[PDB]
Amino acid sequence: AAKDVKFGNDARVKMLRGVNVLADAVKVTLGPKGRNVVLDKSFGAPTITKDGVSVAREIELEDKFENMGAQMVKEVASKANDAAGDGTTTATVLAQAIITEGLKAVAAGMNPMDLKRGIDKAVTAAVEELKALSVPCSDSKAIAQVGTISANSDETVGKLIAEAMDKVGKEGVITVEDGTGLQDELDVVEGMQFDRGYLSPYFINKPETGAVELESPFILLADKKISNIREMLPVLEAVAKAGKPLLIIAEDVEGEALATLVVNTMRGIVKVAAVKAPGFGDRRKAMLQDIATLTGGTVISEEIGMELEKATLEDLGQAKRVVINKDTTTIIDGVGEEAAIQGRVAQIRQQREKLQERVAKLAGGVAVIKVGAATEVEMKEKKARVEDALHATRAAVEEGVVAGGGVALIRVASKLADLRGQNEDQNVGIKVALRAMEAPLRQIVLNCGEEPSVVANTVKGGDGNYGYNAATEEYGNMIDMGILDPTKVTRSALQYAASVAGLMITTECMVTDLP
Amino acid sequence: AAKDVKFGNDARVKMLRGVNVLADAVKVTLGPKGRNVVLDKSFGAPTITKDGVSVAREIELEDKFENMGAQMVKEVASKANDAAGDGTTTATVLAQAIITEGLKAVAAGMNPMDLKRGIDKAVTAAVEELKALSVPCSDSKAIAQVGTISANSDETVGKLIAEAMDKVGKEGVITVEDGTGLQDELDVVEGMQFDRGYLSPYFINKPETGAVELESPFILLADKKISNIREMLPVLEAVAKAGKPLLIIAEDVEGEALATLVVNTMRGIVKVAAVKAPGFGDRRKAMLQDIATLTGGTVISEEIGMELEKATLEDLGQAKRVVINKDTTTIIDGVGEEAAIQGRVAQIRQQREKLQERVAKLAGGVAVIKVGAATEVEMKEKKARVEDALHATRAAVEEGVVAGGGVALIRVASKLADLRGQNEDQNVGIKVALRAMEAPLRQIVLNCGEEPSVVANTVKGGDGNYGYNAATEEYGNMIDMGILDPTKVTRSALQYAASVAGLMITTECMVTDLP
Amino acid sequence: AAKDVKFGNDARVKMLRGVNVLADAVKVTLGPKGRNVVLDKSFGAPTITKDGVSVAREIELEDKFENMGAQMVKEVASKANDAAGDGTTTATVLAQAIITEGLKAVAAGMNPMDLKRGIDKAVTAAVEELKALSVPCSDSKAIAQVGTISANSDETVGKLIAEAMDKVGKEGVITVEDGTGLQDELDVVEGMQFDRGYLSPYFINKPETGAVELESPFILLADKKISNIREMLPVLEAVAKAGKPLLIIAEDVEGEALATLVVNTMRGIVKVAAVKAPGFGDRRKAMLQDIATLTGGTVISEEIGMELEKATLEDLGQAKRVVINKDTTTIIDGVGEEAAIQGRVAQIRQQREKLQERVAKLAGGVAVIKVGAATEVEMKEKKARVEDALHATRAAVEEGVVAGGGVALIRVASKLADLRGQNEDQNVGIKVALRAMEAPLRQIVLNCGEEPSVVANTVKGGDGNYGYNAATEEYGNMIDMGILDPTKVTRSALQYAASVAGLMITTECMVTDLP
Amino acid sequence: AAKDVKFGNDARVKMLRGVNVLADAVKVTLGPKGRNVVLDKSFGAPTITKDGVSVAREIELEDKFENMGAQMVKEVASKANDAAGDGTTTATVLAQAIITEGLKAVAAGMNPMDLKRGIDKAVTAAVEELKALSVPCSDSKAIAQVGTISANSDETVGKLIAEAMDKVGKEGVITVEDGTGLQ
């Protein structure tokens with residue numbers, strides 16, 4: 001189609017208007033005196049939601065340029081979510097702030113590509129500074145801490161999470177299943193989790209989680225690449241008449257057999273899914289046997305001659321459940337003998353870090369959680385927030401908590417008061433990020449109907465963990481008042497907003513379709 | 001789609017206009033000198049109706065923002081209805097009142113989120129105060145009392161209801177069936193009711209009640225979850241050629257067998273429905289056997305080996321009728337032997353509160369009512385109002401009656417004259433609810449063509465149960481004049497209006513589709 | 001859809017405009033110097049008609065509010081017709097009059113709901129007063145009297161009607177069939193009529209009468225409810241190959257067998273119809289046997305074991321004709337033996353009021369009428385007017401005649417000159433009905449091109465039955481000049497107009513779809 | 001001419017919008033980090049000015065009601081000027097503040113004529129209190145100071161006026177005209 005092209009200031013004013021519409025809709029939900037947004041859906045009833053990414057994903061504008069603005073910032077809130085699990089509003093609010101302040105400088109005659117270098121440097125430093133402040137996140141306290149936070153105040157949540165890790169460890173494998181009743185349930189049962197995602201978004205049966213939940217399925221363990229679909233029918237027809245679903249772990253699954261399986265589930269007979277075997281080369285040889293042992297199945301190897309055509313139900317493994325998402329597969333309760341698994345444990349124990357990881361995965365079991373609730377809505381809803389929190393937590397653990405209320409950010413801004421760049425434009429670029437670092441605190445206060453600059457002035461008069469408690473309307477030590485954000489989320493908010501807004505301010509020309 | 005977004009006052013003026021259109025259409029029906037509203041329906045002839053929720057559910061506006069207003073208040077009238085069975089107009093009128101007064105304060109510079117806290121506190125207190133005033137609702141008087149009221153003055157109604165409970169008790173199980181002739185009929189026959197709703201709105205054969213009525217059907221009693229549909233065909237084909245419908249009680253029915261059954265009734269051969277078995281864990285084991293005994297059927301247990309494939313008609317139970325709705329299942333006249341049921345009674349009697357509940361349900365029978373009427377219209381129409389009243393009554397019983405004419409509300413408003421909050425905005429928020437509490441009385445009077453403030457002044461000059469009798473145009477003791485509202489309804493009106501309007505006034509921005 | 005809502009005066013001016021358009025189109029046909037209205041019909045040729053209801057049923061307006069006006073008054077003319085058979089124009093003209101005068105008072109500041117109470121009281125009194133004036137309608141004179149009138153002057157009509165009743169009695173059963181030639185024919189033959197209408201408007205084969213005429217059909221007499229259609233095929237296939245139609249009398253016919261039969265006639269093989277058996281309980285047991293005896297059929301009882309599957313043609317009854325309408329079934333010329341019927345007569349004669357009614361129906365036969373005519377048009381047309389008249393007559397008999405020219409009404413208006421209500425608004429409400437009572441006379445005169453108020457003044461100067469003879473243009477005694485209206489029609493006109501217009505004037509708000 | 005008449009809240013929202021436009025244009029010049037306003041004049045070249053009354057006298061709005069708002073507050077800045085000679089911006093900024101806060105209370109259900117009595121009483125008291133705080137101002141140093149702040153922080157103008165009053169006396173006149181040179 002013929003394109004519309006806009007230059008310089010015009011392009012930019014439009015781009016910003018876009019950002020604002022999205023930013024403004026997301027902002028209203030930030031903080032304890034945050035309000036909700038209603039999101040239409042022809043489909044079913046509207047949705048009420050506080051969740052920043054959820055509002056973001058729905059904004060699309062009519063003016064094609066404004067649209068482009070919104071479609072870009074939408075990525076910060078989106079990315080935050082995939083990494084952290086929370087902070088998507090904060091992320092958005094920082095991004096809008098850097099942009100506003102950025103473009104103001106660009107309009108001053110500053111060189112955008114330098115303003116960007118400044119912003120980026122300011123951020124690399126803020127990230128370092130946050131690692132310092134974080135206390136870390138180790139003890140079950142900090143854990144249920146961050147958890148309950150990312151779970152949105154709900155302490156019961158951060159709780160189970162801490163308990164969980166406190167059971168199978170910080171690296172243990174935790175999962176989530178809908179609760180049968182009103183009570184939450186944490187159980188440890190014979191499992192494993194590895195870093196492999198689905199081979200097609202078309203296997204998703206739970207659109208909500210964006211995941212693949214399968215009920216007591218068989219597991220196929222193939223050593224070769226799967227291109228042709230002919231060697232599938234002997235087994236794929238035996239598990240058709242067994243009523244149950246089927247999981248495929250192989251070197252890969254190529255377009256030919258994949259695309260047939262893809263349309264074979266959605267709209268099709270047997271509902272199945274497939275994922276690449278973990279690791280590569282010599283690891284996946286033994287790493288795949290690990291799964292075989294756990295599930296009580298057989299590995300179809302090429303070096304023994306075994307082919308897929310010469311395989312039965314008996315050769316397959318089994319579990320009571322399994323969940324696959326974008327990049328994670330986790331199996332729960334393997335039918336594998338206690339003798340067989342313990343035998344393979346002693347085998348590796350005998351056999352230093354890479355073998356240690358295989359022991360940890362295997363010996364070890366998988367912890368499960370059943371989100372209890374009164375209503376099926378809340379139920380599955382709560383279940384959601386859980387998986388979220390869990391995320392941040394794992395991340396929080398890997399890299400802790402910091403003072404909430406966005407004080408952490410305000411604190412790093414004064415530490416970097418003396419940061420400079422290679423030239424004056426880079427300097428303004430730093431001051432632009434620092435000034436933005438105040439925005440979460442500033443929005444939190446503004447959503448309470450209170451003077452945001454007056455609160456900020458007095459928090460900035462303080463030190464360490466002194467902050468504003470928006471709930472109770474009085475100042476104090478944020479960690480003592482239990483207002484903690486997880487470090488991974490605060491960091492991640494910052495990195496992502498900076499990344500997008502950094503690029504965004506360097507825009508001199510925009511190219512889109514005609515109205 | 002591209003969205004329209006409106007801020008602050010503009011958003012709010014539009015939101016209110018919406019509320020008014022709906023409120024105004026509902027208001028005209030409040031009280032004894034209430035008039036009717038005509039509701040178009042391409043479908044059949046138009047509908048004449050006084051029933052507040054019925055008017056509400058039809059309002060949809062063209063201006064997309066105004067629409068949003070109306071679509072939200074529509075929920076108070078809707079919620080009132082699902083809980084109470086009456087008071088939907090009152091509910092609506094209170095909601096419109098809180099909103100009007102609210103937004104006026106918001107426009108004064110008050111902090112909405114505080115006005116909300118005030119309103120809410122004022123309400124929590126009004127609810128307490130109403131519990132005090134209620135006399136309760138216990139004696140068959142108060143019962144037929146509230147009944148006849150919620151039935152819309154019709155004394156004959158409140159009557160049978162009192163009789164009913166007076167038969168199988170307040171907790172007894174009462175049902176309703178269309179009358180064969182012109183006479184009402186109350187009969188007690190060999191039944192049970194438990195807290196479980198249909199597994200899909202697609203089983204509804206009576207669109208009016210929003211329920212599932214089934215004629216002398218067989219009952220299937222399964223101990224396991226029902227996912228696959230293959231174990232269904234041996235029995236589902238034997239009851240296909242028996243001409244009769246079939247009820248399924250199992251641990252659950254999963255999408256796979258559910259979705260097949262769903263399209264198998266509407267547009268399909270055998271008309272069936274399914275509901276989850278009552279309770280959970282060890283209760284539903286024996287609780288399901290209770291039903292088996294009553295219906296003269298067999299429980300298909302897993303721990304005995306019995307599967308659904310190895311089951312006949314003989315294994316199934318039977319009743320003369322059964323009605324399922326949103327969250328209630330009730331079976332009527334079980335074919336179960338008098339010996340078998342009495343034997344199971346003595347079994348539990350031997351076996352303290354949870355077992356007591358199972359005795360009550362079982363021993364005991366189910367009372368039925370046949371709404372008599374001249375015309376089939378009135379007939380089924382009257383039948384409706386009945387089920388309504390019955391509701392409120394059960395509720396009234398659980399938590400009585402209060403002075404009608406909306407005097408109860410006016411009375412609690414003076415009791416709370418001294419209620420205060422945490423700050424001045426919270427105070428205005430209280431005064432806003434109190435002032436609203438006068439509105440039902442004020443509308444009742446306004447629908448009579450009389451001076452509403454002059455009536456209110458003089459009712460507020462009085463005490464206790466002194467009120468205005470709009471029918472006869474003179475003041476007096478409302479309980480003595482027989483003008484009683486059920487407590488549960490007055491309470492419920494208030495709680496729901498407050499809930500919605502409370503949220504509504506905190507609105508600073510609105511996001512909808514383009515015109 | 002988005003709705004338009006109008007308030008107060010605006011709503012009302014529009015509502016009235018609607019009424020007028022319909023009223024004005026109907027008015028032009030009132031009285032002996034009434035003119036015709038032409039009614040388009042894409043379908044066939046246009047229709048010329050004097051018949052008030054026929055004009056009414058065609059008015060639909062474009063302005064959605066005006067439409068609502070017309071769609072409401074349309075009900076008076078419609079209701080008149082269903083009860084009386086005549087007077088539909090009068091009804092309409094009164095209704096328009098009450099409305100006009102009403103709304104004028106509402107605009108004076110009067111309280112509508114009181115104006116209504118007045119109107120209603122004035123009417124309850126006018127009805128009483130008319131019962132007084134009626135002379136009654138008993139002798140064959142008054143009968144052919146009212147008949148010939150409601151038949152529109154046609155004396156030949158009122159004639160046969162009187163003859164008829166003079167044959168099988170006032171309660172005898174009279175029917176109508178198209179005439180074979182040009183001569184009218186009255187014949188008495190071996191029949192019965194009971195108060196039961198068709199079980200679906202979809203059995204109608206004569207769209208004109210809105211009835212179900214069936215030619216020498218078989219009669220099925222079932223004791224049970226008919227839900228399933230399987231027990232139908234043994235008999236329904238034997239009467240398929242007998243070429244003739246089939247009538248079903250049973251306890252009921254439920255949706256399942258009904259909906260199959262419904263589409264099985266229109267668009268289908270065997271043309272059949274079904275009606276509920278007369279009475280209830282113990283009556284319908286013997287009351288159904290009565291029909292069996294008359295038709296020479298067998299009753300398929302449950303208490304003998306007989307099922308519908310085990311039934312032949314031989315078991316069924318037969319008649320030469322049968323007509324079913326909205327609420328009446330009447331069978332004509334039963335094949336039942338003279339011995340069998342006389343035997344059942346002696347059986348009941350032996351066996352006090354309820355058994356007396358069964359004797360009357362049975363012993364007794366059914367009188368038939370064949371409307372003779374030159375053209376098939378006139379023929380079937382005349383046939384129509386007949387059935388009409390017959391109606392009013394039966395009614396006239398049950399509750400006589402009064403002075404035509406609308407003098408009766410003018411006479412009751414002076415009798416009620418001293419009627420008062422509970423307050424002044426109720427008083428105006430009475431004067432509003434009284435003043436309206438003059439309108440028929442006033443329109444009759446206006447359609448003659450003469451001064452309506454001058455005629456009215458001089459009729460009101462007179463007494464008793466003195467009136468204006470519009471045909472001959474001179475005053476006199478209306479009963480002596482043969483200008484009589486039947487009481488039932490005059491009463492019914494009044495009651496219905498009052499009913500609708502009473503409601504209509506209480507309208508403060510109107511809600512409809514957007515243009 | 002036919003008149004437009006507006007009531008209650010509508011009248012008031014419009015009246016306020018008027019006040020704001022004038023207030024906002026005058027406000028930007030208040031204080032040492034005050035900026036200038038440019039005032040068109042078909043007549044000659046435009047005028048640059050910091051002087052609050054000068055901006056005020058030029059505001060006239062198109063919406064006839066908003067106009068009325070502005071035309072009324074314009075009188076505070078105008079009156080200040082005729083009496084004092086300075087403070088016209090301050091005057092304007094106070095006036096806009098009382099109004100904003102006032103109308104907010106009126107919208108709360110307060111009785112306007114009482115809000116007025118309060119305001120007036122508060123002011124009669126503030127005037128008394130200021131008489132107290134004032135230290136008289138009689139020494140050349142103090143005089144030079146008011147002069148300086150008046151002249152947007154220009155020490156020379158202060159000094160120059162202080163010197164002037166010192167020489168002519170109290171019962172003596174000082175005029176100001178265009179000079180030839182730069183100083």
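Indices start at 1 and increase along the chain as displayed.
Per deposition record, electron microscopy, 8.2 Å.
Here the Cβ of each residue, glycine as well, is placed from N, Cα and C on the backbone.
Feature annotations, courtesy of Swiss-Prot:
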- D:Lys33: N6-succinyllysine (MOD_RES)
- D:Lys50: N6-succinyllysine (MOD_RES)
- D:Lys116: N6-acetyllysine (MOD_RES)
- D:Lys116: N6-succinyllysine (MOD_RES)
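Considering only the modified residues D:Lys33, D:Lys50, D:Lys116, the Cβ with the fewest other Cβ atoms within 10 Å is that of D:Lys33.
Comparing D:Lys33 (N6-succinyllysine) with D:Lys116 (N6-acetyllysine), their Cα atoms are 33 Å apart once rounded. Spacing of D:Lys116 (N6-acetyllysine) relative to D:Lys50 (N6-succinyllysine) is 31 Å (Cα to Cα, whole number). Mapped onto three states, the DSSP output places D:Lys116 (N6-acetyllysine) in helix.
The secondary structure of D:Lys50 (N6-succinyllysine), as reduced to three states from DSSP, is coil rather than helix or strand. According to DSSP, D:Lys33 (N6-succinyllysine) is assigned to coil rather than to any helix or strand.
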